[PDB]
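**Q**
In UniProt numbering, the protein residues as written are 5 to 344.
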């Protein structure tokens with residue numbers, strides 16, 4: 005019987021290392037709160053590189069640092085890659101229907117006392133992480149200030165988190181993008197094969213030819229693609245341009261990088277394609293998080309910088325000299341975007 009590693013964190017500060025993601029979510033992680041000594045699982049997400057969170061509490065949703073008492077726990081793993089995690093610990097994290105818990109030779113339910121995390125589809129249609137109180141057999145989740153609950157038979161089919169104690173399967177093709185979680189100035193993940201703008205060195209702002217790698221941040225609730233790259237010490241620098249601002253310092257905290265650890269098992273390919281062509285149809289479409297796609301901006305003199313294209317505004321931005329290098333109108337049509 006194996007054990008999960010839970011880590012206390014201050015709401016409003018960066019995530020601990022290797023936070024456990026919710027299946028199918030770009031920006032959602034498994035969390036745990038105690039209220040009057042009772043465990044309640046809920047969810048955490050990145051805003052401004054910091055932990056924010058939500059838990060259901062007797063008819064309402066609680067998200068406030070004060071309301072919550074300021075401290076929550078995040079589920080962490082020894083390694084983010086399932087095969088690496090299994091090798092190191094004897095288990096990996098898998099989401100399966102609650103009913104599958106009878107298969108105890110294969111799966112161990114993630115629980116704290118009588119609480120277990122559960123993915124709920126809300127009345128509004130969104131998948132959100134809440135909890136099953138296994139004492140009462142009621143599932144609950146908070147959204148928009150309110151709790152929603154389900155009891156009875158239906159809870160048996162809902163996805164919950166298990167430790168899987170056999171090797172992750174092989175002989176399949178990957179269709180999902182692999183996103184690595186990390187923080188500002190963590191060691192650069194070169195061995196994971198991060199995706200470089202244009203698949204080549206760019207003519208960069210510092211006067212050198214250098215690779216610039218696809219990164220994702222969240223600021224004031226909005227996803228922003230930017231860039232990441234190693235400094236001379238092989239630590240990870242990053243730079244995001246959005247809403248008139250450049251963010252390139254330690255305020256970045258937690259962020260994500262697009263990686264391809266095993267290039268040989270992908271069921272798709274990435275291609276950098278001019279935006280006007282990328283939107284014109286066919287198999288290759290922009291990779292997107294919300295309205296945004298990774299975008300290589302290029303100046304009249306050939307200088308290049310990896311940033312974000314918001315497709316709703318058709319405005320491209322990237323960090324430069326304290327502002328966001330904003331470009332709109334037909335000029336964006338000629339900028340390369342990441343497609344697959």
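C-beta atoms are modelled at their ideal positions from N, C-alpha and C, and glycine is treated no differently.
Please return the same chain residues whose Cβ sits closer than 7 Å to the Cβ of residue 197, not counting the five positions on each side in sequence.
**A** If you number the chain shown from 1, residue 197 lands on position 193. Result list for residue 197: 263, 264, 265 and 267, in chain order.
**Q** Taking only three categories from DSSP, how would you classify residue 308?
**A** Counted from its first residue, the chain shown places residue 308 at position 304. DSSP places residue 308 in strand when its eight states are reduced to three.
**Q** Could you please give me the residues that DSSP links to residue 136 through a beta bridge?
**A** The count along the chain shown starts at 1 and reaches residue 136 at position 132. Per DSSP, 120 and 143.
**Q** Counting Cβ pairs, one atom from each stretch, are 3 or more of them under 8 Å apart for the region 182-195 and the region 126-141?
**A** No contact exists between the region 182-195 and the region 126-141.
**Q** Can you list, in chain order, the stretches of the beta strand (DSSP E) that have 3 or more residues and sit fully within the region 156-210?
**A** Taking only runs of at least 3 residues, the beta strand (DSSP E) segments lying wholly in the region 156-210 are 163-168 and 182-187.
**Q** Quick one, are the C-beta atoms of residue 328 and residue 250 less than 8 Å apart?
**A** Mapped onto the chain shown, residue 328 falls at position 324. Mapped onto the chain shown, residue 250 falls at position 246. Cβ distance < 8 Å, so residue 328 and residue 250 count as in contact.
**Q** Return the first residue and the last residue of the alpha helix (DSSP H) that residue 86 is part of.
**A** Within the chain shown, numbered from 1, the residue matching residue 86 stands at position 82. From DSSP, the alpha helix (DSSP H) with residue 86 extends over 86-93.
**Q** If you reduce the DSSP assignment to three classes, tell me which class residue 74 lands in.
**A** Counting from 1 along the chain shown, the entry for residue 74 is found at position 70. Three-state result, residue 74: coil.
**Q** In this structure, does DSSP put residue 267 in helix, strand or coil?
**A** Within the chain shown, numbered from 1, the residue matching residue 267 stands at position 263. Note: residue 267 maps to helix in three-state DSSP.
**Q** When you compare each of 178, 258 and 187 to residue 271 by their alpha carbons, which one comes out closest?
**A** Numbered from 1 along the chain shown, position 267 holds the residue referred to as residue 271. Out of 178, 258 and 187, 178 has the C-alpha closest to the C-alpha of residue 271.
**Q** Would you kindly check if the distance between the Cβ of residue 128 and the Cβ of residue 79 is under 8 Å?
**A** For the purposes of this step, residue 79 is taken as the residue at position 75 of the chain shown. For the purposes of this step, residue 128 is taken as the residue at position 124 of the chain shown. Cβ atoms of residue 79 and residue 128: not closer than 8 Å.
**Q** Give the range of the alpha helix (DSSP H) segment to which residue 281 is assigned.
**A** For this step, residue 281 is matched to residue 277 along the chain shown. Taken as a continuous stretch (DSSP letters only), the alpha helix (DSSP H) holding residue 281 covers 279-282.
**Q** By the three-class DSSP mapping on this structure, what secondary structure does residue 102 have?
**A** Within the chain shown, numbered from 1, the residue matching residue 102 stands at position 98. DSSP places residue 102 in helix when its eight states are reduced to three.
**Q** Going by C-alpha distance, which of 30, 312 and 146 is nearest residue 247?
**A** Sequence index remark: in the chain shown, residue 247 carries index 243 (1-based). Among 30, 312 and 146, the Cα nearest to that of residue 247 is on 312.
**Q** Would DSSP call residue 131 helix, strand or coil?
**A** Counting from 1 along the chain shown, the entry for residue 131 is found at position 127. Strand.
**Q** Determine the direct distance from the alpha carbon of residue 232 to that of residue 37, and round the result to whole angstroms.
**A** Start at 1 with the first residue of the chain shown, and residue 37 comes out as number 33. Start at 1 with the first residue of the chain shown, and residue 232 comes out as number 228. In a straight line, the C-alpha of residue 37 is about 33 Å away from that of residue 232.
**Q** Check whether the region 10-24 and the region 68-75 touch, using three or more Cβ-Cβ pairs below 8 Å as the test.
**A** Yes, the region 10-24 touches the region 68-75.
**Q** So is residue 18 buried or exposed if we call it buried at 16+ other beta carbons inside 10 Å?
**A** In the chain shown, counting from the first residue as 1, residue 18 sits at position 14. Buried, by the Cβ-count rule.
**Q** For the beta strand (DSSP E) that contains residue 292, what are its first and last residues?
**A** In the chain shown, the residue the question calls residue 292 occupies position 288. First-last for residue 292: undefined, no H or E at that position.
**Q** Is residue 82 buried or exposed, if buried means 16 or more other CB atoms sit within 10 Å of its CB?
**A** The residue you call residue 82 lines up with position 78 of the chain shown. Exposed is the call here.
**Q** Look at the Cβ atom of residue 199, then the Cβ atom of residue 163, and state whether they are nearer than 8 Å.
**A** For the purposes of this step, residue 199 is identified with residue 195 of the chain shown, where counting begins at 1. For the purposes of this step, residue 163 is identified with residue 159 of the chain shown, where counting begins at 1. No, the pair does not count as a contact, with Cβ atoms beyond the cut-off.
**Q** For residue 230 and residue 242, which I take to be in contact (beta-carbon distance under 8 Å), what is that distance rounded to the nearest angstrom?
**A** Within the chain shown, the letter at position 226 stands for residue 230. Within the chain shown, the letter at position 238 stands for residue 242. Yes, they are in contact, since the Cβ atoms of residue 230 and residue 242 sit about 6 Å apart, within 8 Å.
**Q** For residue 335, does the three-state DSSP call read helix, strand or coil?
**A** Sequence index remark: in the chain shown, residue 335 carries index 331 (1-based). Three-state DSSP puts residue 335 in a helix.
**Q** Three-state secondary structure (DSSP) at residue 256?
**A** As a working note, residue 256 is residue 252 in the chain shown. Here residue 256 sits in helix by DSSP.
**Q** Here's the rule I'm using: 16 or more other beta-carbon atoms within 10 Å means buried, otherwise exposed. How should residue 170 be labelled?
**A** Here the question's residue 170 lines up with position 166 in the chain shown. Exposed is the call here.
**Q** By the three-class DSSP mapping on this structure, what secondary structure does residue 154 have?
**A** Within the chain shown, the letter at position 150 stands for residue 154. Strand.
**Q** I need the DSSP call for residue 1, collapsed to helix, strand or coil.
**A** What is shown of the chain runs 5 to 344, which leaves residue 1 out entirely.
**Q** Which of helix, strand or coil does DSSP assign to residue 261?
**A** Stepping through the chain shown from its first residue, residue 261 is reached at position 257. Here residue 261 sits in strand by DSSP.
**Q** Less than 8 Å between the C-beta atoms of residue 146 and residue 20, yes or no?
**A** Walking along the chain shown from the start, residue 146 turns up at place 142. Walking along the chain shown from the start, residue 20 turns up at place 16. Cβ atoms of residue 146 and residue 20: not closer than 8 Å.
**Q** Within 10 Å of its beta-carbon, does residue 23 have 16 or more other beta-carbons around it, so buried, or fewer, so exposed?
**A** In the chain shown, counting from the first residue as 1, residue 23 sits at position 19. Residue 23 is buried by the Cβ-count criterion.
**Q** So, do the region 150-163 and the region 105-124 have three or more beta carbon pairs nearer to each other than 8 Å?
**A** Counting Cβ pairs under 8 Å, three or more are found: they touch.
**Q** Please classify residue 3: does DSSP put it in a helix, a strand, or coil?
**A** The requested residue 3 is not part of the displayed model; the chain covers only 5 to 344.
**Q** Since I believe residue 28 is in contact with residue 131 (beta carbons under 8 Å), could you give me their beta-carbon distance rounded to a whole number of angstroms?
**A** For the purposes of this step, residue 131 is identified with residue 127 of the chain shown, where counting begins at 1. For the purposes of this step, residue 28 is identified with residue 24 of the chain shown, where counting begins at 1. Residue 131 to residue 28, Cβ: 7 Å. Contact.
**Q** Should residue 305 go down as buried or exposed, given a rule of 16 or more other Cβ atoms within 10 Å for buried?
**A** The residue given as residue 305 occupies position 301 in the chain shown. By the 10 Å Cβ count, residue 305 comes out exposed.
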